[PDB]
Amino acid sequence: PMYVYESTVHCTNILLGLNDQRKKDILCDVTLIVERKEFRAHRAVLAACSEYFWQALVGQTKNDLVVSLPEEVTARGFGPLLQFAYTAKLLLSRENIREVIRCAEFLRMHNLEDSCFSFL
């Protein structure tokens, strides 16, 4: 007979830990340059999220990997999307909602249109 445990909190706790690492720049492995701003990340997390980042990061080897995103990607739209990849949460205002949606479109994140948003 088998003993089974399925942790309901585990997946979310790991990502929380990954995000804490990102924020403190611990154990990251890529720097993304987006509109001249540097963003540290775990390539594996980004690739898990988007087929865009998979294609962009799978080949890579260079000791200190640095990847510049093209000009369609702005810092204002990207920051919240990087945060989302880790937290599963977006919380935007009128200043950035347009840019975030447009960025998500460029990065081919399928289900992030106007209609996915609710109000607090």
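Sequential numbering from 1, following the sequence displayed.
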#### Entry: Mean C-alpha B-factor comparison - 46-54 and 60-68, higher one
60-68
### Query
Given the B-factors recorded for C-alpha atoms, which segment has the greater mean, 21-29 or 93-101?
21-29
### Task
Just say lowest, middle or highest third for the CA B-factor of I14 relative to the other modelled residues in its chain.
lowest
### Query
Lowest, middle or highest third of the chain for the C-alpha temperature factor of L120?
middle
